[PDB]
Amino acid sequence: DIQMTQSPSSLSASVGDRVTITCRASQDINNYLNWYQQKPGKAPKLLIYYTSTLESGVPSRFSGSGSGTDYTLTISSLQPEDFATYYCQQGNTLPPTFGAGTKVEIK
């Protein structure tokens, strides 16, 4: 299994803020890195795939970058609906593996 390390594991921010979430894989993942959002009691939903492509309908305040082992997700202006848990997942090698999650909490 390729190990995925997500950081911060939690952060406190306020509405309007810019924040960046990071995911490091244990080896080069060749840009096969995807991001999911999950709210309490609900199934995960795709935000970004293949490092930078936004799924249709996902707000443009969300963007992704990275290369080799290091990948990031930035929200340019946090909205109320964005306080949630985020997961990255690598699709380079099977089985697919996920980061442990980043909880975005209100301050």
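Start at 1 and count along the sequence shown; that's the residue number.
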**Prompt:** Comparing 96 to 104 with 1 to 9, which has the greater mean CA B-factor as deposited?
**Reply:** 1 to 9
**Asked** Of the two stretches 78 to 86 and 59 to 67, which shows the higher Cα B-factor on average in the entry?
**Response** 78 to 86
**Message:** Could you place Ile29 in the lowest, middle or highest third of its chain by Cα temperature factor, using the values in the record?
**Reply:** middle
**Complete:** Tertile call for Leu47 (CA temperature factor, within chain, third-based) is the middle
**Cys23 - Cα temperature factor, lowest/middle/highest third of chain** = lowest
